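Inspection log for the structure reproduced underneath, given as structure tokens.
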Amino acid sequence: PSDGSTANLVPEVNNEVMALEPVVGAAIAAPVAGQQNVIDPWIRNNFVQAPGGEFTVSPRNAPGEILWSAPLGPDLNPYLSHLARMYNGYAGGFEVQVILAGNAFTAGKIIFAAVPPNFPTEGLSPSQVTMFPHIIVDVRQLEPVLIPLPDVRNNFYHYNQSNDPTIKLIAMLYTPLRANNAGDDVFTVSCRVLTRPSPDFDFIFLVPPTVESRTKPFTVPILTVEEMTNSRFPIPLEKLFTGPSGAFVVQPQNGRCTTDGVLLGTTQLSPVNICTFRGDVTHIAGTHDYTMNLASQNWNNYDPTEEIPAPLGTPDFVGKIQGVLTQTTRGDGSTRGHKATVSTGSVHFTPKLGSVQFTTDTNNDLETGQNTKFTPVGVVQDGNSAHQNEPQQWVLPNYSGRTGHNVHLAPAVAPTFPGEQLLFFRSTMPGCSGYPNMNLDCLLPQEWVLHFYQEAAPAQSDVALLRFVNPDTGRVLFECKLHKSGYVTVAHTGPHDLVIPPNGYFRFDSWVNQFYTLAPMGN
Amino acid sequence: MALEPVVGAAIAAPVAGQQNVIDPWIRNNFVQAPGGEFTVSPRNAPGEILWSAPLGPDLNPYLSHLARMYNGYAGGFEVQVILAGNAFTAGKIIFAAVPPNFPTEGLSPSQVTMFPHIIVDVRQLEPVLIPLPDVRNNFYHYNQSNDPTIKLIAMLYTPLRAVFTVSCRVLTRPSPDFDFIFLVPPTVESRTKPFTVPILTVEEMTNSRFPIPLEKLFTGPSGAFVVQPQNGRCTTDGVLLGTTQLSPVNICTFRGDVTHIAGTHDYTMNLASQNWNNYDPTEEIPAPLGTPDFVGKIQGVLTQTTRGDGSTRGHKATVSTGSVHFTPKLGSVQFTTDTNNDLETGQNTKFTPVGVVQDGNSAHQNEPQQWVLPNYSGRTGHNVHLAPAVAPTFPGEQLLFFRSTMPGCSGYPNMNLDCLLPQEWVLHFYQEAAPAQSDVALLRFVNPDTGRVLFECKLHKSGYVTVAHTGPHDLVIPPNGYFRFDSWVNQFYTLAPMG
Amino acid sequence: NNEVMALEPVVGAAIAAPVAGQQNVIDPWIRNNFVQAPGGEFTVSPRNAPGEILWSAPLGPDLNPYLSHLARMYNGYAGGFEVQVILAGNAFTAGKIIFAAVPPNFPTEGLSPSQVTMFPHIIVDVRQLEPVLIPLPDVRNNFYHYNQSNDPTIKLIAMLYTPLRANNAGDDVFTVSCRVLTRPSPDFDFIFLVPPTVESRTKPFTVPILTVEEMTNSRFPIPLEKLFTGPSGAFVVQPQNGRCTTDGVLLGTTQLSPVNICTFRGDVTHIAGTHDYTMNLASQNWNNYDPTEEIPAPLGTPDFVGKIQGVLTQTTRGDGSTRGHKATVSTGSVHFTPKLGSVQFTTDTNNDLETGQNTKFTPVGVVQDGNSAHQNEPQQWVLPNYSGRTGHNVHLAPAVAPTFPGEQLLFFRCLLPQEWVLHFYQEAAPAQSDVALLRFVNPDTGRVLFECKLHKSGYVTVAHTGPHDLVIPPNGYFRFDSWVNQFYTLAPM
Amino acid sequence: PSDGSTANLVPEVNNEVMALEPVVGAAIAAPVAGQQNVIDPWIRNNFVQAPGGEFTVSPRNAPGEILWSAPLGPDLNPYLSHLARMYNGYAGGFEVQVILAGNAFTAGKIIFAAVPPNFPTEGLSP
Ligand SMILES: [Cl-]
Ligand SMILES: [Cl-]
Ligand SMILES: [Cl-]
Ligand SMILES: [Cl-]
């Protein structure tokens, strides 16, 4: 029966069964629900992969790590997820199916456990997880694991828009993954979670779709690298780059945005205003330098009291940016435009306090009362020092100059998982004079910032798994982890410029956590 | 009474592949259609089809969202019509069900009575109920196909007697025999995403004709000019037009190799594509994408980098559009710079635009003519593959422009720049590619503090907006106001006057 | 996931009986024996990643060569198939494949693995020994299908769900080879008997058995030499001769005669005192030339820039005068305007061409100017301006470039032999996908040397990088193997 | 039963069967043959390796290659091959046994097929 296929090398099914009583679904809610609704019976009879339906057991994982977790709710099932945007509430349980059919040369155990509502999941130890209803499964198990997930609760049903907690299903590495295949230890166990609603699950109140915040689904734009723009300087993107970041500190303040659309640092939505300055200008006697008193991005007054490190779009590196100051007189429409340069490392670069200093090519021809705009163009380098040393993209300017220290900064960013490096969207700045370091890396393209901002999709976990696909060949080039904090990571060691098909796009495949093990990509 | 019952998806069971069920509550509530907004005004006459819709899931917003999950459907609707008349408003409207392959073009009001129909007086208070059965000659309909279905038609049956515009609404709900057929994943390639307009504010968006932020909305008469820009041209279903491309930074840039012209401070640039790829002049495009679409002199900076040592140079530079040496379709443009010796030929060079200039000795505010297209192939031929020109079509209506003010670098220039669509709207339509269910998408501008509707405008499928006003006007807008897509309408829709 | 596909039963031709003309029978042996689809091959390799569609096919007679041959004598069909898929693995492997049924008119392109799970589906372990049986029902919204209408059908899709994890053995990488077999379900049947091989959409596609030597170039009236592959980044490959689509639509300036490829016919006029002559052109059938016709130029206009020397010939009506003169045409001269009707020749006599008499230019060779750069005069990939500076070149055949990584164009040294153009033109077989797989066979030994992709458009591509003259046996021929979905990755040289 | 040997690591037997009808042998020929002859019954009850009875599946082989082929006749059996040098004709069929007991770490499939007389074998695709 199983000769030449599985060969009795592998557990067939699990004895163990979770110690949960049966729990009623939406039937109790009928006298107090507005309506009695119906789900397409095919959805109830057929397992489909959950939005967060991928996880991995690899040798990089350590015992105690939660490899997969989810609270009970419509987001456990992609059909129910779209249906949920059309309903106000729900009640009832799920049947979850887990596939763990690892190669016969591997070893290890996973614990699945149901933790009840309002118990904190955060510090849980393997010992502690054993005290909930639980199942211990071998990483080699052949037949899918079936876990019923009842809607334990103390009310008639749940509202989509509230924060009342539900049961959480937890999968934790109970034993480290080991293997004895005698080759190279590539035998990572790729796992899939599929679900379907129990018969007692049901939606409750029909409401206008797409308007309830907590049901908007997450997506990632189909745009290509060439079609997007750098989020730290008004320039197009050119290539994808990964490299080690142990030496320096990656803490940009432009192109910083969370997956659910919260802007951070000095980040704003306009791709053109990313290194612009607007305000009134003042001559410095005897020199070609001017002092600019800052206006807001929309020509209103700037308030330093805002919980921001600087005005939105303030440059986030130390260097000399060359551009053009332009000015217009309201009465006659006279216009003047002169080459100008701002050094963000100068002690007179204090944009948090309201003033920035330019060095121009005139000591006249700039009025004191007219509005003036600095349009950035490129970066320059002092030719007498070491080549490629002046524009230090990972050095933050002192936004308050000599006074005080930088405040309310967006956090720094580093890989957290063994074997992983940041993935940078790299643009090449124009040089205007000298031998400058023209490399510019941002964490998120500006169009991704726009997309996350408008569609405020609740993050289902801390990491969105993306795969980069060549639409010509249908092939995946690499996979990467987009963290909710707004940065991307890949599995690679060393610097590398990526070889990308011109048509390549990012595709969102699954919600995962920080312990997901990425396929080795480079070379 | 004039139509028999018509079976829905039940007949399809032996060939369907699956048996599905729709939430029965969806058929217990009349709800306004994604279209479902039309207007009767005294400008309208009998014979104009004032409103029409085909049977399908797009008749009902609940079914419309569901349809993203199904491959097909079958069955009928019950539709409810509501007319906001008053006792001084005389006239009759006919609604009629016209069967799938009957031509509607040319119908008289008399002829419309020969279909299943209802004749309702414009001053009626109570809603009228129309049955819409899914008459067909196949087992069911596919969502991805445009096989025809019964059409509901609304026209004026007798002339209207009344500036009084009658607001009308169409609501629907599925018949009990309606059902979807094959459960399928909601993918992006399905083209089942419904059409929307970004939540972004005018203030926070960007002009599609020059790399500047937007500033205000402007309406004006356009009889003097020919409105035919080639940037910021995109269809609501995401088809780019003219020289329009997606990157908001490349909207007036040039990249290529540079050559000195002896004895002057002028240089010739041999152009490459935006991707630093070889340039092909055989493409069906008026010019390379991002080429300026107005006649004027644009001041910026030429930038150059030497492969090997990292040498970088930057010099004030100026492009004169419409000059005889402006031939970007042929592959070359001419700059006037502030140097005659310091630009190497082998190296790649980029023009970063900043602003426009005007010769101060000529008439003030005359140099940048935004509504005059340059000659993309210079003297050696005429412009080709153009995006069509744009003009108001409905009496009393003018174009609505998204206005930003260009930086001036010298002189007394016309710093006014109007685009038909914000660049972010081009981006949004491109990615979403929502199929247009009619020729006009009605937009309303909303104050989010109160929810109040400030004005309505027509976003035409061709990718341009019109509004009801006469004379020039800068719009007085709350800084946080946003555009909202409200309904599909047709060319006969009468906009509420604004101002 | 119980190994059963979540599809309802779907009736075949039984529903059609009240509306079909007649009742027919299929030989029961065809019904009882699984047969491999021509494109029914795919491979699971460790490079494969989740989401990659390894194989796809639409329901139809083209899956089964018996039904395909039978269909050429019937008017329609209805009903489904039983599919048998065989997986070549062992107990030391891990990984999952999903097979999914996608309903008619739904796009297969861009699906994520999560989304594919949302169809009726089956998840099969790479260790499965017994063949997997998938029923492919004829989901449709009509009573039955007509052969000539090419209705859309269900598609079977095979996608990698879990990567293959297995040791290798030495430097040989372990792969799981898969085969797709089919046979008609009991409810499948053909419908109306009709004269065989008449209905166009049932003709099978073929490729001439001719050898490279035995064929002829399509861009100049000269034989072929060898098969050449090379990178094409430096230049634009956009010929206008030898451009013909697989189902027999001619493109650009391509015509059928293998000798009229670079010829001119018309009446000739002297330019006083010079060695120049002006020819007002006709057609190749000796009719007036119409500039309104949506063609680049008269058919057979050369598709490169150069100076071609040949011989003009003229015959005077009435006396039998016979004149033949060495002559030269420059397609790069400013007076080459064939779209408007004129070309200029440079001869070695200034008084030997009468007025009003028919004159024909015969092509023999091209010429090189020894004072300019060597190997510079015959520019193969540069088109002339047929309009000759008036307006612009219009209605050109599209340019041609490989789009799949690792592939370069395969040239006949032209994109298609002239005999291939003739074959496609006559036997106008519909293409079942965008790519026809061709195999190159040595008839003596019977073994296959390489395979190439013949695109629906008139061009061929091969798997190799860098320029190369091919290692061709003298009697080798191309043999058509199958239509393949555009993701098919071919083995290198 | 197989604990310690083969160990369910390998397929045991094929349930597939060739779709051929039964065919009479030399019995039909008795009224027109010269004689009714006899073969030593041991030859009929015991498998012996054919003259061409070795073939290999190796990684150097490519799919589509015919690894083994033979037409029906006395040459399929070494005893019958010696006996056939004494007789003028023959009629009837054979039972052939193929041994494929490959190592458990290998993979791949072979097709066995019966092609009828007067069909060309030379160009056959899988
Ligand atoms: Cl809605
Ligand atoms: Cl989805
Ligand atoms: Cl959406
Ligand atoms: Cl209109």
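FYI, nothing fancy with the structure tokens labels: chains A, B, ... in order, residues from 1 per chain, ligands from 1 as they appear.
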
Proximity check chain A to ligand 1, 7 Å, nearest pairs one decimal Å, only C-alpha atoms and all ligand atoms, as JSON lines:
```
{"residue": "A:208", "atom": "CA", "partner": "ligand 1", "partner_atom_place_in_ligand_line": "1 (Cl)", "distance": 5.2}
{"residue": "A:209", "atom": "CA", "partner": "ligand 1", "partner_atom_place_in_ligand_line": "1 (Cl)", "distance": 4.7}
{"residue": "A:210", "atom": "CA", "partner": "ligand 1", "partner_atom_place_in_ligand_line": "1 (Cl)", "distance": 5.8}
{"residue": "A:211", "atom": "CA", "partner": "ligand 1", "partner_atom_place_in_ligand_line": "1 (Cl)", "distance": 6.9}
```

Next item on the list: Identify all residues of segment 39-263 of chain A in strand (DSSP E or B) (DSSP on the backbone) and supply them as a ChimeraX atom specification.
Entry: /A:48-57,66-71,87,89-91,94-99,106-107,109-115,134-138,145-149,158-159,168-173,178-179,189-197,202-203,206,229,236,239-242,257,263

Item checked: Contact set, chain C to chain D: 12 Å, only C-alpha atoms, as JSON, numbers by chain -> {"C": [28, 29, 30, 31, 32, 33, 34, 35, 36, 37, 38, 39, 40, 41, 86, 87, 88, 89, 90, 91, 92, 93, 126, 127, 128, 129, 130, 131, 166, 167, 168, 169, 170, 171, 172, 173, 174, 175, 176, 177, 178, 179, 180, 181, 439, 441, 442, 443, 444, 445, 446, 447, 448, 449, 479, 480, 481, 482]}

Margin query: At a cut-off of 9 Å around ligand 4, and using only C-alpha atoms and all ligand atoms, what residues come up? Please write them as a count of residues only.
Written below: 15

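The binding environment of ligand 2, defined as every protein, DNA or RNA residue with an atom no more than 9 Å away and counting only C-alpha atoms and all ligand atoms, comprises residues 51, 78, 79, 81, 82 and 217 of chain A; 69, 185, 186, 187 and 188 of chain B; 112, 114, 115 and 118 of chain C.
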
Store the residues picked out above, limited to N, CA and C atoms, as an mmCIF file, in the first residue's frame.
```cif
data_model
loop_
_atom_site.group_PDB
_atom_site.id
_atom_site.type_symbol
_atom_site.label_atom_id
_atom_site.label_comp_id
_atom_site.auth_asym_id
_atom_site.auth_seq_id
_atom_site.Cartn_x
_atom_site.Cartn_y
_atom_site.Cartn_z
ATOM 1 N N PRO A 51 -4.226 33.357 4.881
ATOM 2 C CA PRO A 51 -3.322 34.447 4.480
ATOM 3 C C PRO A 51 -1.970 34.330 5.152
ATOM 4 N N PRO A 78 -8.941 33.106 3.409
ATOM 5 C CA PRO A 78 -8.985 34.185 2.404
ATOM 6 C C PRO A 78 -10.376 34.481 1.869
ATOM 7 N N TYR A 79 -11.230 33.466 1.720
ATOM 8 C CA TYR A 79 -12.613 33.724 1.325
ATOM 9 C C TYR A 79 -13.356 34.495 2.410
ATOM 10 N N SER A 81 -12.060 36.355 4.587
ATOM 11 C CA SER A 81 -11.466 37.684 4.708
ATOM 12 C C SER A 81 -12.157 38.696 3.802
ATOM 13 N N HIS A 82 -12.429 38.322 2.551
ATOM 14 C CA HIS A 82 -13.135 39.243 1.669
ATOM 15 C C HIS A 82 -14.589 39.381 2.093
ATOM 16 N N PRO A 217 -7.565 44.632 3.524
ATOM 17 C CA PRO A 217 -6.456 43.705 3.290
ATOM 18 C C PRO A 217 -5.193 44.381 2.780
ATOM 19 N N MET B 69 -15.217 37.263 -6.162
ATOM 20 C CA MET B 69 -14.973 35.918 -5.661
ATOM 21 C C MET B 69 -15.589 34.848 -6.539
ATOM 22 N N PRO B 185 -10.412 32.849 -6.749
ATOM 23 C CA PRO B 185 -9.662 33.816 -5.922
ATOM 24 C C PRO B 185 -9.736 35.224 -6.479
ATOM 25 N N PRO B 186 -9.968 36.228 -5.624
ATOM 26 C CA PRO B 186 -9.893 37.621 -6.086
ATOM 27 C C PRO B 186 -8.463 38.043 -6.390
ATOM 28 N N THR B 187 -8.029 37.893 -7.636
ATOM 29 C CA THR B 187 -6.695 38.303 -8.051
ATOM 30 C C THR B 187 -6.744 39.697 -8.674
ATOM 31 N N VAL B 188 -5.559 40.285 -8.850
ATOM 32 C CA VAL B 188 -5.456 41.614 -9.448
ATOM 33 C C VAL B 188 -5.740 41.556 -10.945
ATOM 34 N N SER C 112 -0.830 33.710 -6.990
ATOM 35 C CA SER C 112 0.005 33.309 -5.868
ATOM 36 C C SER C 112 -0.385 31.913 -5.400
ATOM 37 N N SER C 114 -1.228 30.780 -2.390
ATOM 38 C CA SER C 114 -2.458 30.902 -1.614
ATOM 39 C C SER C 114 -3.681 30.911 -2.523
ATOM 40 N N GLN C 115 -3.634 31.727 -3.577
ATOM 41 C CA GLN C 115 -4.786 31.891 -4.455
ATOM 42 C C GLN C 115 -5.107 30.609 -5.213
ATOM 43 N N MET C 118 -7.372 28.274 -3.676
ATOM 44 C CA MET C 118 -8.769 28.682 -3.626
ATOM 45 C C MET C 118 -9.607 28.101 -4.760
#
```

Grab me every residue within 12 Å of ligand 3, counting only C-alpha atoms and all ligand atoms, and send it over as a PDB file with N, CA and C atoms, in the first residue's frame.
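Below is the file out-v3.pdb, written as the result:
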```
ATOM      1  N   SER A  81     -12.060  36.355   4.587  1.00  0.00           N
ATOM      2  CA  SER A  81     -11.466  37.684   4.708  1.00  0.00           C
ATOM      3  C   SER A  81     -12.157  38.696   3.802  1.00  0.00           C
ATOM      4  N   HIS A  82     -12.429  38.322   2.551  1.00  0.00           N
ATOM      5  CA  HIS A  82     -13.135  39.243   1.669  1.00  0.00           C
ATOM      6  C   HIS A  82     -14.589  39.381   2.093  1.00  0.00           C
ATOM      7  N   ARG A  85     -15.225  41.929   4.962  1.00  0.00           N
ATOM      8  CA  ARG A  85     -15.323  43.362   4.710  1.00  0.00           C
ATOM      9  C   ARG A  85     -16.761  43.796   4.484  1.00  0.00           C
ATOM     10  N   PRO A 209     -19.463  47.547   2.484  1.00  0.00           N
ATOM     11  CA  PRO A 209     -18.114  46.985   2.408  1.00  0.00           C
ATOM     12  C   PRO A 209     -17.036  48.045   2.256  1.00  0.00           C
ATOM     13  N   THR A 210     -15.819  47.648   2.637  1.00  0.00           N
ATOM     14  CA  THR A 210     -14.561  48.364   2.432  1.00  0.00           C
ATOM     15  C   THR A 210     -14.410  49.576   3.362  1.00  0.00           C
ATOM     16  N   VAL A 211     -15.337  49.806   4.286  1.00  0.00           N
ATOM     17  CA  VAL A 211     -15.270  51.003   5.111  1.00  0.00           C
ATOM     18  C   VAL A 211     -14.815  50.717   6.534  1.00  0.00           C
ATOM     19  N   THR A 215     -10.758  45.540   8.610  1.00  0.00           N
ATOM     20  CA  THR A 215     -10.902  44.492   7.608  1.00  0.00           C
ATOM     21  C   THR A 215     -10.208  44.788   6.283  1.00  0.00           C
ATOM     22  N   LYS A 216      -9.566  45.943   6.126  1.00  0.00           N
ATOM     23  CA  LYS A 216      -8.865  46.228   4.873  1.00  0.00           C
ATOM     24  C   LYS A 216      -7.698  45.263   4.689  1.00  0.00           C
ATOM     25  N   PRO A 217      -7.565  44.632   3.524  1.00  0.00           N
ATOM     26  CA  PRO A 217      -6.456  43.705   3.290  1.00  0.00           C
ATOM     27  C   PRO A 217      -5.193  44.381   2.780  1.00  0.00           C
ATOM     28  N   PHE A 218      -4.058  43.782   3.134  1.00  0.00           N
ATOM     29  CA  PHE A 218      -2.761  44.331   2.763  1.00  0.00           C
ATOM     30  C   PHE A 218      -2.371  43.910   1.352  1.00  0.00           C
ATOM     31  N   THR A 219      -1.841  44.864   0.586  1.00  0.00           N
ATOM     32  CA  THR A 219      -1.311  44.596  -0.744  1.00  0.00           C
ATOM     33  C   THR A 219      -0.042  45.409  -0.955  1.00  0.00           C
ATOM     34  N   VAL A 220       0.706  45.033  -1.986  1.00  0.00           N
ATOM     35  CA  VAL A 220       1.992  45.652  -2.294  1.00  0.00           C
ATOM     36  C   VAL A 220       1.987  46.019  -3.774  1.00  0.00           C
ATOM     37  N   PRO A 221       2.326  47.258  -4.133  1.00  0.00           N
ATOM     38  CA  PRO A 221       2.111  47.712  -5.513  1.00  0.00           C
ATOM     39  C   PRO A 221       2.839  46.854  -6.537  1.00  0.00           C
ATOM     40  N   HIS A 451       1.430  54.081  -0.987  1.00  0.00           N
ATOM     41  CA  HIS A 451       0.475  52.978  -0.978  1.00  0.00           C
ATOM     42  C   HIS A 451       0.096  52.578   0.443  1.00  0.00           C
ATOM     43  N   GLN A 454      -2.248  55.369   2.160  1.00  0.00           N
ATOM     44  CA  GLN A 454      -3.657  55.488   1.787  1.00  0.00           C
ATOM     45  C   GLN A 454      -4.455  54.256   2.205  1.00  0.00           C
ATOM     46  N   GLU A 455      -3.980  53.058   1.858  1.00  0.00           N
ATOM     47  CA  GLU A 455      -4.662  51.836   2.276  1.00  0.00           C
ATOM     48  C   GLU A 455      -4.080  51.424   3.619  1.00  0.00           C
ATOM     49  N   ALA A 456      -4.765  51.776   4.707  1.00  0.00           N
ATOM     50  CA  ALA A 456      -4.257  51.513   6.055  1.00  0.00           C
ATOM     51  C   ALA A 456      -4.647  50.093   6.450  1.00  0.00           C
ATOM     52  N   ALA A 457      -3.889  49.134   5.939  1.00  0.00           N
ATOM     53  CA  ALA A 457      -4.214  47.735   6.148  1.00  0.00           C
ATOM     54  C   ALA A 457      -3.623  47.246   7.459  1.00  0.00           C
TER      55      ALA A 457
ATOM     56  N   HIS B  65     -19.124  43.496  -4.773  1.00  0.00           N
ATOM     57  CA  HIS B  65     -17.980  42.996  -4.020  1.00  0.00           C
ATOM     58  C   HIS B  65     -17.911  41.475  -4.095  1.00  0.00           C
ATOM     59  N   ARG B  68     -16.105  39.659  -7.079  1.00  0.00           N
ATOM     60  CA  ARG B  68     -14.661  39.470  -7.071  1.00  0.00           C
ATOM     61  C   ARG B  68     -14.267  38.057  -6.657  1.00  0.00           C
ATOM     62  N   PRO B 186      -9.968  36.228  -5.624  1.00  0.00           N
ATOM     63  CA  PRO B 186      -9.893  37.621  -6.086  1.00  0.00           C
ATOM     64  C   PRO B 186      -8.463  38.043  -6.390  1.00  0.00           C
ATOM     65  N   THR B 187      -8.029  37.893  -7.636  1.00  0.00           N
ATOM     66  CA  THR B 187      -6.695  38.303  -8.051  1.00  0.00           C
ATOM     67  C   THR B 187      -6.744  39.697  -8.674  1.00  0.00           C
ATOM     68  N   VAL B 188      -5.559  40.285  -8.850  1.00  0.00           N
ATOM     69  CA  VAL B 188      -5.456  41.614  -9.448  1.00  0.00           C
ATOM     70  C   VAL B 188      -5.740  41.556 -10.945  1.00  0.00           C
ATOM     71  N   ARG B 191      -9.363  42.104 -13.028  1.00  0.00           N
ATOM     72  CA  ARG B 191      -9.998  43.364 -13.420  1.00  0.00           C
ATOM     73  C   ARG B 191     -11.415  43.447 -12.860  1.00  0.00           C
ATOM     74  N   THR B 192     -11.600  42.908 -11.656  1.00  0.00           N
ATOM     75  CA  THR B 192     -12.864  42.996 -10.942  1.00  0.00           C
ATOM     76  C   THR B 192     -12.806  43.969  -9.778  1.00  0.00           C
ATOM     77  N   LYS B 193     -11.668  44.607  -9.554  1.00  0.00           N
ATOM     78  CA  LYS B 193     -11.591  45.645  -8.539  1.00  0.00           C
ATOM     79  C   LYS B 193     -12.480  46.806  -8.971  1.00  0.00           C
ATOM     80  N   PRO B 194     -13.301  47.353  -8.082  1.00  0.00           N
ATOM     81  CA  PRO B 194     -14.152  48.481  -8.463  1.00  0.00           C
ATOM     82  C   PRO B 194     -13.366  49.779  -8.493  1.00  0.00           C
ATOM     83  N   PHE B 195     -13.853  50.710  -9.308  1.00  0.00           N
ATOM     84  CA  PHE B 195     -13.110  51.933  -9.570  1.00  0.00           C
ATOM     85  C   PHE B 195     -13.186  52.869  -8.373  1.00  0.00           C
ATOM     86  N   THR B 196     -12.050  53.478  -8.051  1.00  0.00           N
ATOM     87  CA  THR B 196     -11.960  54.438  -6.965  1.00  0.00           C
ATOM     88  C   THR B 196     -10.996  55.547  -7.349  1.00  0.00           C
ATOM     89  N   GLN B 431      -2.360  51.135 -11.860  1.00  0.00           N
ATOM     90  CA  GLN B 431      -2.238  49.917 -11.065  1.00  0.00           C
ATOM     91  C   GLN B 431      -3.585  49.228 -10.888  1.00  0.00           C
ATOM     92  N   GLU B 432      -4.651  50.004 -10.692  1.00  0.00           N
ATOM     93  CA  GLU B 432      -5.953  49.414 -10.403  1.00  0.00           C
ATOM     94  C   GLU B 432      -6.616  48.913 -11.682  1.00  0.00           C
ATOM     95  N   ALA B 434      -9.285  49.651 -13.353  1.00  0.00           N
ATOM     96  CA  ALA B 434     -10.686  49.276 -13.203  1.00  0.00           C
ATOM     97  C   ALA B 434     -11.428  49.530 -14.511  1.00  0.00           C
TER      98      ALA B 434
END
```

Note to self: Please check the contacts: residues of chain A at most 7 Å away from chain C, using only C-alpha atoms, listed as a list in words.
What the structure shows: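 Per the criterion, chain A yields residues 4, 5, 6, 7, 48, 49, 101, 102, 103, 104, 183, 187, 190, 472, 473, 474, 475, 476 and 509 of chain A.
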
Next item on the list: Give as a list in words every residue of chain B that touches chain C within 8 Å, counting only C-alpha atoms.
Entry: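 Listed by rising number, the hits are residues 12, 14, 15, 16, 17, 18, 19, 71, 138, 139, 140, 141, 142, 144, 145, 182, 183, 184, 185, 186, 187, 189, 190 and 381 of chain B.
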
Margin query: I'd like the contact shell of segment 105-116 of chain B - 9 Å cut-off, only C-alpha atoms, skipping same-chain residues fewer than 5 positions apart - returned as a list in words.
Written below: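 Skipping anything fewer than 5 positions along the chain leaves residues 1, 2, 3, 46, 47, 48, 49, 94, 95, 96, 97, 98, 99, 153, 155, 156, 157 and 158 of chain B.
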